[PDB]
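Peer 1:
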Ligand SMILES: *[C@@H](O)[C@H](C[C@@H]1CCNC1=O)NC(=O)[C@H](Cc1ccccc1)NC(=O)OC(C)C
């Protein structure tokens, strides 16, 4: 195996999980310890179904910027026996673009799915489903419903979480390392 394939597959094995909430199927990224992140519109409750079992959520934090604007990420703390492989080192310190990125998706309906979204560019403001959203990036790929939560990766870096699209383009909430300090 080569390095990019090894890194994405290792992500899938160790950090990228199949989940279901009242809102349906999402991909969840486990970041470190018992901390994971999901798209805010997943609306996780007191418990979330992860892979094969119902897991209790100890805390949820919906991220907003200084202006009070939605970042579309929710940080959840899980009541789990053991800790996620810490991948904060692979998340850049500031929101970063990339070339030839891959979107990694893992849902019961779309298990271990790799989508070659291409170049990921700065986008900023986005209005999705009526909610105004900052710090997003864009890829020119017609991503689908069911792909939210999907992890945007390139060259050994984890840079975003898929949050929507418009039938021609896809968007992610950018990730920065300080969200997970
Ligand atoms: C995953 O949640 C889903 C994926 C979209 C559907 C088509 N392309 C995609 O990749 N995203 C959405 O459904 C969001 C919903 C959203 C976003 C932010 C805040 C609240 C809800 N987009 C969406 O519904 O698109 C509108 C143009 C209808």
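Residue numbers (the authors' numbering): 0 to 180. Just so it is clear, CB atoms sit at the ideal spot from N, CA and C, and this is done for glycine as well.
Nearest to residue 142 by CA position, among 100, 48, 14 and 163, is which residue?
Peer 2: Taking the first residue of the chain shown as position 1, residue 142 is located at position 143. It is 163 whose Cα lies nearest to the Cα of residue 142.
Peer 1: Which class does residue 57 belong to by DSSP, given the choice of helix, strand or coil?
Peer 2: Looking up residue 57 in the chain shown gives position 58. Residue 57 falls in the strand class under three-state DSSP.
Peer 1: Whole-angstrom Cβ separation of residue 134 and residue 173, contact assumed at under 8 Å?
Peer 2: Within the chain shown, the letter at position 135 stands for residue 134. Within the chain shown, the letter at position 174 stands for residue 173. About 5 Å separates the two Cβ atoms, so the contact holds.
Peer 1: Which runs of the beta strand (DSSP E), 3 residues or longer, sit entirely within the stretch 75-120?
Peer 2: Counting whole runs of 3 or more residues, the stretch 75-120 contains the beta strand (DSSP E) stretches 97-104.
Peer 1: Identify the residues that DSSP records as bridge partners of residue 38: which are they?
Peer 2: Taking the chain shown and counting its residues from 1, the one referred to as residue 38 is at position 39. In the DSSP output, where bridge partners are listed per residue, residue 38 has 72.
Peer 1: Is residue 153 helix, strand or coil when you go by DSSP?
Peer 2: By 1-based counting over the chain shown, the position of residue 153 is 154. The answer is strand: DSSP assigns residue 153 an E or B state.
Peer 1: Inspect the beta-carbon positions of residue 14 and residue 84 and report whether they are closer than 8 Å.
Peer 2: Numbered from 1 along the chain shown, position 15 holds the residue referred to as residue 14. Numbered from 1 along the chain shown, position 85 holds the residue referred to as residue 84. The answer is yes: Cβ separation under 8 Å.
Peer 1: Does at least one heavy atom of ligand 1 sit under 7 Å from the Cβ of residue 51?
Peer 2: As a working mapping, residue 51 is identified with position 52 in the chain shown. No; taking the cut-off as 7 Å, the Cβ of residue 51 has no heavy atom of ligand 1 nearer than that.
Peer 1: Distance check for residue 103 and residue 154, CA to CA, integer angstroms please.
Peer 2: Residue mapping note: residue 154 aligns to position 155 of the chain shown, counting from 1. Residue mapping note: residue 103 aligns to position 104 of the chain shown, counting from 1. Straight-line Cα distance between these residues: approximately 13 Å.
Peer 1: Give me the residue from 146, 7 and 59 with the minimum Cα distance to residue 17.
Peer 2: Walking along the chain shown from the start, residue 17 turns up at place 18. Of 146, 7 and 59, the residue nearest in Cα terms is 146.
Peer 1: In the DSSP assignment, what are the bridge partners of residue 25?
Peer 2: Here residue 25 is taken as the residue at index 26 of the chain shown, counted from 1. In the DSSP output, where bridge partners are listed per residue, residue 25 has 18.
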